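Structural overview for review
Here's the letter readout for the chains.
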Amino acid sequence: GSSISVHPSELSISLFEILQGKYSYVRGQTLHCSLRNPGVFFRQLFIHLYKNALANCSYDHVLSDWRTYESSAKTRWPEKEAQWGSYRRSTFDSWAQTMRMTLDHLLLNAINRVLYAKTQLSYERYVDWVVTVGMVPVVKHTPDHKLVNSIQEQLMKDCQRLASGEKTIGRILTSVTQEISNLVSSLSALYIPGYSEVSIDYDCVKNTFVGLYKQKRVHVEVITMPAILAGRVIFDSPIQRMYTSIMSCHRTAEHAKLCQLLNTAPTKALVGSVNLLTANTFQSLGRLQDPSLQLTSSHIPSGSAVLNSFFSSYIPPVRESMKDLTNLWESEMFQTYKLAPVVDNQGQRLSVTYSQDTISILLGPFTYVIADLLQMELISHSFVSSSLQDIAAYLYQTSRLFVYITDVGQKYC
Amino acid sequence: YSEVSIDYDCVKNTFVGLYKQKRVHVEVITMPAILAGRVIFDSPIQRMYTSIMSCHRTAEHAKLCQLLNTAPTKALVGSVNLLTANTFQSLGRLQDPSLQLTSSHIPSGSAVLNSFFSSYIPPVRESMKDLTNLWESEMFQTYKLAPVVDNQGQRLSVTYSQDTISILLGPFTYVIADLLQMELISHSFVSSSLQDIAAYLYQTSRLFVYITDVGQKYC
Amino acid sequence: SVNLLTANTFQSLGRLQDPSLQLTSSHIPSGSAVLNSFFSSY
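Rules used throughout
Positions along each chain are numbered from 1 by the written sequence. They may not match the entry numbering, and residues without coordinates are not shown. Chains and ligands are labelled sequentially in the order written, the chains with letters from A and the ligands with numbers from 1. Keep in mind that this is only part of a larger assembly, and the values describe that part, not the whole. Only heavy atoms go into the side-chain values, all of them from the structure, while hydrogens and water stay out. Helix numbering and strand numbering both begin at the N terminus, where a helix is a DSSP run of H or I of at least 4 residues and a strand a DSSP run of E of at least 2. Residues adjacent in sequence count toward polar contacts only when both atoms are side-chain atoms; beyond that, a polar contact is any pair of N or O atoms within 3.5 Å, and within protein one must be able to donate a hydrogen and the other to accept it. The contact criterion used is simple: two residues touch if any of their non-hydrogen atoms lie within 4.5 Å. Buried area, as used here, totals the accessible surface that two parts lose on assembly, with accessibility defined by a 1.4 Å probe and the loss added over both. Salt bridges, as used here, are contacts in which a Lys or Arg side-chain nitrogen is within 4 Å of a carboxyl oxygen on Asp or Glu. Under the scheme applied here, ten amino acids are nonpolar (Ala, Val, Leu, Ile, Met, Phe, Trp, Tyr, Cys and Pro), four are charged (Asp, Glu, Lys and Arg), and all others, including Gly, are polar. Side-chain atoms within 4.5 Å link the members of a nonpolar core, which is a set of buried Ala, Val, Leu, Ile, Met, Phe, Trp, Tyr and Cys residues. Per-residue accessibility, obtained with a 1.4 Å probe over protein chains only, is compared with the maximum for each type, and a residue is labelled buried under 20%, exposed over 50%, and partly exposed between these values. Between rings of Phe, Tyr and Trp, where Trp is taken as its six-membered ring, a pair exists when centres lie within 6.5 Å; planes separated by under 30 degrees are stacked, by over 60 edge-to-face, and by other angles tilted. Our definition puts a charge over a ring when NZ of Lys or CZ of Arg is within 6 Å of the ring centre and also within 35 degrees of the ring normal. Taken from the helix axis, the directions to the C-beta atoms give the arc we talk about. Here a strand pair is declared whenever DSSP counts at least two bridges between the two strands. For every element, the axis is a line fit to its C-alpha atoms; helices are fit only across the contacting stretch, and the angle between N-to-C directions ranges from 0 to 180 degrees. Crossing chirality is assigned from the near helix's rotation relative to the far helix, an anticlockwise turn below a right angle marking it left-handed and a clockwise turn marking it right-handed.

Method-wise, the PDB entry is recorded as coming from cryo-EM, at a reported resolution of 4.7 Å.

1. Concerning the side chain of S12 of chain A
Residue and element names in this part refer to chain A. Locating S12 in the fold gives a position in helix α1 (residues 12–20). Of the polar contacts made by the side chain of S12, one reaches the backbone oxygen of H7; its length is 3.0 Å. Residues in contact with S12, not counting those within four places in the same chain, are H7 and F235.

2. Some thoughts on the environment of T398 of chain A
Tracing the chain through its elements places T398 of chain A in the loop between α16 (388–396) and α17 (400–412). A polar side-chain atom of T398 of chain A sits 3.4 Å from the main-chain carbonyl oxygen of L395 of chain A.

3. Notes on the interface of chain A and chain B
Opposite the 77 residues of chain A that make contact, chain B presents 76 residues. Here chain A packs against chain B, burying approximately 6,900 Å² in sum over the two surfaces, 59% of which is carbon and sulfur. Where chain A meets chain B, there are zero salt bridges. Between the two partners, chain A and chain B, sit 17 residue pairs in polar contact.

4. Section: the pattern of salt bridges
For the coordinates displayed, the defined rule picks out six salt bridges over all chains. Between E138 of chain B and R47 of chain B there is a salt bridge, with the nearest N and O atoms lying 3.6 Å from each other.

5. Considering the interface of chain C and chain B
Opposite the six residues of chain C that make contact, chain B presents six residues. Contact between chain C and chain B buries roughly 520 Å² in total, counting both sides, with carbon and sulfur atoms accounting for 52%. Linking chain C to chain B there are zero salt bridges. The interface formed by chain C and chain B includes three residue pairs in polar contact. In the side of chain C that touches chain B, the residues fall into three nonpolar, three polar and no charged.

6. Quick word on the nonpolar core
If you look at the biggest cluster of nonpolar residues, it comprises 85 residues, and the most contacted ones within it are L35, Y50, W95, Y337, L339 and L363 of chain A. Once you skip the residues sitting within four places of it in the chain, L363 of chain A turns out to touch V40, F41, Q44, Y123, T358, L378 and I379 of chain A. Judged by nonpolar contacts, the second largest core, of eleven residues, contains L261 of chain A, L64 and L67 of chain B together with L16 of chain C.

7. So, the packing of aromatic side chains
Counted by the stated rule, this structure contains 19 aromatic pairs over all chains. Considering the side-chain rings of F189 of chain B and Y200 of chain B, the 5.6 Å spacing of their centres and the 65° angle between planes classify their relative orientation as edge-to-face. With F189 of chain B in the loop between α6 (169–175) and α7 (194–202) and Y200 of chain B in helix α7, this residue pair connects regions lying eleven residues apart in the sequence. Owing to a relative accessible area of 45%, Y200 of chain B belongs among the partly exposed residues under this scheme. Feature note: the residues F41, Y123, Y126 and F366 of chain A constitute an aromatic cluster, connected by ring pairs. Over the ring of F92 of chain A we find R88 of chain A; its NZ or CZ atom is 5.3 Å from the centre of that ring.

8. Section: α16 of chain A
Residue and element names in this part refer to chain A. Those residues of α16 not exposed but buried are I391, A392, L395 and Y396. Mapping the buried residues of α16 onto a view down its axis gives an arc of 125°, with all of them on the same face. Contact partners of the buried residues in α16: α3 (39–53), α5 (85–115) and α17.

9. A short note on the sheet that holds strand β8 (residues 115–117) of chain B
Where strands meet in a sheet, backbone hydrogen bonds hold them as pairs that are either parallel or antiparallel. Taken in spatial order, the three strands line up as β9(A)-β8(A)-β8(B) in an open sheet, and their pairing is mixed. In the strand order of this sheet, the two ends are held by β9 (295–296) of chain A together with β8 of chain B, each with one partner. As judged from the two bridges shared by strand β8 (residues 267–269) of chain A and β9 of chain A, these two strands associate in the parallel manner. The residue bridging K268 of chain A from the neighbouring strand is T296 of chain A, located in β9 of chain A.

10. Here's the deal with the sheet that holds strand β2 (residues 17–18) of chain B
Within the open sheet, the three strands sit side by side as β1-β2-β3 (chain B). Their pairing is antiparallel. At either margin of the open sheet sits one strand with a lone partner, and together these are β1 (8–9) and β3 (23–24) of chain B.

11. A closer look at the packing of α3 of chain A against α5 of chain A
Relative placement of two packed helices is described by the angle separating their axes and the distance separating the axes. All names here are of chain A. It is at 10 Å that the axes of α3 and α5 come closest, and there the two elements cross at 145°. Handedness of the α3/α5 crossing: right-handed. Touching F42, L45, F46, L49, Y50 and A53 of α3 are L107, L108, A110, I111, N112 and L115, all from α5.

12. Notes on unusual backbone geometry
For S164 of chain A, which is not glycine, the phi dihedral falls at a positive 50°. Here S164 of chain A shows up in the loop between α7 (147–160) and α8 (167–173). The exposure class assigned to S164 of chain A is exposed, which follows from its relative accessible area of 62%. With a phi close to 65°, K144 of chain B is a non-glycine residue in the positive phi region. Mapped onto the fold, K144 of chain B is located in the loop between α4 (125–142) and β9 (147–149). According to the relative accessible area criterion, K144 of chain B is buried, its value standing at 7%.

13. Notes on helix α8 (residues 206–218) of chain B
Residue and element names in this part refer to chain B. Listing the buried residues of α8 in full gives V209, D213 and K217. Seen from one end, α8 has its buried residues packed into an arc of 70°, which puts them on one side. Across α8 from its buried face, at more than 90 degrees, point the exposed residues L207 and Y218. Looking one or two residues beyond α8, the residue adopting positive phi is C219, at roughly 55°.

14. A closer look at the environment of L162 of chain A
Residues and elements named next belong to chain A. Mapping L162 onto the fold places it in the loop between α7 and α8. The sequence separation of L162 and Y243 amounts to 81 residues, and the corresponding C-alpha distance is 61 Å. Ignoring any residue separated from it by four or fewer positions in sequence, one finds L162 in contact with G170 and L173.

15. A closer look at the side chain of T9 of chain C
In this structure, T9 of chain C sits in helix α1 (residues 9–15). Side-chain polar atoms of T9 of chain C contact the side chain of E60 of chain B, separated by 2.8 Å.

This is the structure we're talking about:
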C-alpha cells in the first residue's frame, strides 16, 4: 500500500541521452531538432499581440481625424478653394500612408521586446519533454516586476514619440497603445511562471503523478498516459517505440569496430606518439617495428594436439542498420507529428516546415494547458513559413482599421 | 566583446565568467544539462561528438593498416621525395632491410603448427560519405537554412532564411546590446544588393509619399 | 572498460590481448579420432 515508483530508472536516464546522441546517433535525429523550433510559437505571440491592438472599434474617432487632416491640407494649398475634385484622390492616399508608418515605428517595437524576454519560458525543453515522456513538470515561480517595470516606462515612452502633443493624430495611435498597454502587462505576467528542468528534477508514481523540487512539490501535466506495470514502467513515447532498434545499432557498431581492431596483424599463426596521418612514412615504420602489431600469439595450452585449423574473415553488416534508421525516423516525425516537407523537382528534399496537425498536438497544450492563456488564438496553416513583414501586411486587410478607411473611401468614391 | 576558447567560465545557479581581474556577464540562449559528475551540453556539435570521434579513429586505423602492409614479402622466423626523384635514384635508396622484409621472431618454446594471412580491410570512405549527408541535414534543420538549387539537382551557395534570422540575429541584436529601435530584416532582403535595398525602401519611405502628393494635385 | 569507438587504437590493442577473443577452443572429448572437418560461414 505504498503506491510509489521511481521515474528516473535505468531506462529513463537513457531516453534523454538519445536526443543528446552520446550512445547512438543517426541522420534521423536531425528532424527532431526542427521539431524543437521555438520560432513558430514566436509567430503566435506576434499575431496575437498585433491583432488585438488592431481590434479596437472606434468609429467616430477615426472619422473625426480625417476632418482635421483635411483642414490642415487646406492651409498648405492656398488659392485652390474653387476646385475640389483633385483634392480628394491625392489626400486620401496621403491620409492612409501616414497611419502605416506610425504603426510601423512604435507598435512593432513593443511586440518583439516581449517576444525576446530574458529567461522566461523554454519551448526547447517542452519538445524534450513530450517526445520523451507524456509528463510535463510545471514549476510556478513568482511573477517578478523586473522586466515588467522596464516595459511600464516604455508604456509612457510609446506616447513620448508623439509627446502627447498631436491629440488629433494620437487619439487613434494611443487608443491602439492603451489596449496594448493593458494586454502586455496581462500577457508578460503570465509569461513568467511556468518553468521545468529536463533530466534534473524527480518524479514519482501514484494515481496522479507528482514531481518535486528540493523542498517543494511540482505539478505534473500529462498529455499521453504511460503504461504502469507493477514490475517495470513502459512509456507511450515515440522514442520508447524506437528504443529496441537504437540499442541494436550501437552494439553491432561496437561489434563492427571490434572485428576491425582484432584483424590488424597481417600474419596469424598457431603456437601450441605522432599521428599517422601527420607522420612521414620513414618516421612511422621506425615506430611500427613492434611485436604486437606484427603477430598474434595463440598459445593453445598443454594437453592439446591440434588436429585442424581454419580462418575467419571480416563480416559484420555495418551500414545496413544505419540506412534503415534514416528511413525509420523519417517515417516517425512525418506520421506521429505529421510534418509536411517541401520538395523541389527530381525528388530533392528541403527543410521541413510545420503543419496544421502538429500545431494542435504541440502548440495547443503548450499555450492553453501549461499557462492560463485564455484569449490566445491558434495560428493559421499558411502563416508558418511567412515572414514578419508578410504577417503584418496580411493582417491589415482583415483588421478593424481597414474597414473604417474603406468606409470613408467609398462615400466620396 | 568576448574571447572564444580563451576566457574562463564557472558553474552556479546563474553561470558566471571571468577575465584576469573582473567578472564577465554570461548570456544563455540554450541551457545545458548539469550533472554532478559530467556536464553535457545542448549543442548541435555536442549532438555530433560521437560520430566525429569515431571517424578519425577509424581513419588512423585505416592509415595504420596501410603502413603495416608495405613490405611485399612476409615470412616467419621461429632524403629526396619519391614524386620528384628518378626511378634509378630511388631504387638505390630503397635497398634497405626494413622496406623489403618483416621479421616475426616467434620466441622460444613455440613450435609453429599452422599460419594464416590477413589482408587490407578497413571500410575507409563509408564513414566520410555519411558525415557529408549528416551535417547537410544538421544546419538545414537546426537553423533551417534554405538553399537555392538549379536544374538537375545542382547545389549552389546556401543563403539564410526567415527562421535563422530569429534564432541568430534576434538574440545577437536585442539580447547582447541594448538596441531598442532595431527592426528585423524581411525575408527577401538577404540575397539583395545595396543598390537594390535603397531602391526598394524609397518606394515605402516618407519622402515618396510627399512627392506623390505634389504630383497628383497638378496631375 | 572503454568504448572502442572512443578508444585509441594503441589503447585498444593492449586490452584486446585476451584468449577469448583470439581463439575458439573445441575440446572434442575422448574416444573420438577425428576423421575429417569442415568450415561453415555466415
